[PDB]
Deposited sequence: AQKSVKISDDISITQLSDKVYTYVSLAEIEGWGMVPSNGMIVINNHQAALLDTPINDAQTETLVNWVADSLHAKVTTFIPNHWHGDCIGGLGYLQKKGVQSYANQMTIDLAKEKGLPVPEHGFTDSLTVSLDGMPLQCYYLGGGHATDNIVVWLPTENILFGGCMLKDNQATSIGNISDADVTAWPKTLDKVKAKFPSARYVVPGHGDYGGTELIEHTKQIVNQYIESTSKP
């Protein structure tokens, strides 16, 4: 069950070392965004930030205050605001960051906060011993979207390329590679058959059924804009 905190943020524990959060933010709509907190030896990795510095700060102070862990590491799913909206603040805090080189390039060109270390295929970051396996498997929701796998926990943060089970629509495709998306999802499904929890960019987490569900939405979209 979730524990609600300030700045419209709630957090759920999935394992002794892994938590997933939902931060609600107002858009153009009060939209919910997801991220993860991974903790090992009182050090924490933040996977995606809430949309702004303020919510990010509240979240980071809570991890320090209640989870007794210092956020030292950060990894965003892609360049959108629900992934790097609070990166400015993380950098002032001195947090170390890793991201798809594509994400770094898009962030730079757009004048957005820029992650430090860039990878192009796979990267395994050791959070003082606990592995965070990041993978770029192709474009989808965003051209630079990655996924983060926690092998010791069997938990996958698929990010925005994955939709929750109650979703019916494709959503914002302004930055998507629509035809690559189903292919990226097949790769993700083939690579992480053991996933216990699969967390999407928005909505409720579930299991590997979200991958196939998301593939149906995307393929349905492609089918519906093909026709005469």
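*Asks:* Identify which parts of the deposited sequence carry no C-alpha coordinates, going from the N-terminal end onward.
*Replies:* 1 to 2, 31 to 32 are the stretches of the deposited chain that have no C-alpha coordinates in the structure.
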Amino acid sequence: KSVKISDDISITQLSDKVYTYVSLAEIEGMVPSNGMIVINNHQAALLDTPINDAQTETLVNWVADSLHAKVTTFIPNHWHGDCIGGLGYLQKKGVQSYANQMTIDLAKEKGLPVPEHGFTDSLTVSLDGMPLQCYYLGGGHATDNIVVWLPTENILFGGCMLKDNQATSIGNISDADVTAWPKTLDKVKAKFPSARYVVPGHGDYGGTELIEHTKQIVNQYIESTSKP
From here on, numbers count along this sequence of modelled residues.
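*Asks:* So, looking at the entry's B-factor column for Cα atoms, which has the higher mean, 180 to 188 or 167 to 175?
*Replies:* Between 180 to 188 and 167 to 175, it is 167 to 175.
*Asks:* State which stretch shows the higher mean Cα B factor in the entry: 59 to 67 or 37 to 45.
*Replies:* The entry gives the higher C-alpha B-factor average to 59 to 67.
*Asks:* If you check the C-alpha B-factor for each of 144, 109, 121, 82 in the entry, which is highest?
*Replies:* Spelled out: the listed residue with the top C-alpha B-factor is 109.
*Asks:* Relative to the other modelled residues of the same chain, rank the CA B-factor of residue 31 and answer lowest, middle or highest third.
*Replies:* Highest third of the chain for residue 31's C-alpha B-factor.
*Asks:* Lowest, middle or highest third: which one holds residue 160 when the chain's residues are ordered by CA B-factor from the entry?
*Replies:* Tercile = lowest for this residue's CA B-factor.
*Asks:* Splitting the chain's C-alpha B-factors into thirds, which one does residue 203 fall into?
*Replies:* According to the entry, residue 203 has a C-alpha B-factor in the chain's middle third.
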